[PDB]
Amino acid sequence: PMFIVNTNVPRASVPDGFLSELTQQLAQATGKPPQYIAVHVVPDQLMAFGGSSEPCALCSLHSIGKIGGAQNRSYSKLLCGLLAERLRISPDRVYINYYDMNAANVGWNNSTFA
């Protein structure tokens, strides 16, 4: 999978090893090889949640399979947990959009996964 997090939290508050932790945790959560996992963190964003600019985050998780009711609940617990612990963002100020991608709609290495 690939995970993206956009947040108003400042870059200086993103701890060393954050991308690495996300990569490993997502590998364990989806059972996928970490070598194909991509993570992207975007701090210092101009955003609001409920009209308030206290710390918040807007994220997305794309995956070819491994997306579903129970799985997404598990991913949300894991990811909100990491955002609260590492970036001090309250879980109720985090949204995560989940996308189950068809292999044919994911390009990589001059081709697709189809």
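When you see a residue number, it is the position in the sequence shown, counting from 1.
Taking the mean C-alpha B-factor of each stretch as recorded, 29 to 37 and 55 to 63 are not equal, and the higher mean is that of 29 to 37. Ranked by C-alpha B-factor against the other modelled residues of its chain, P91 falls in the lowest third. In the PDB entry, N97 places in the lowest third of its chain by CA B-factor. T7: CA B factor in the lowest third of modelled residues in this chain (values from the PDB entry). When all modelled residues of the chain are sorted by CA temperature factor, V106 is found within the middle third. For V14, the recorded CA temperature factor ranks within the highest third of the chain's modelled residues.
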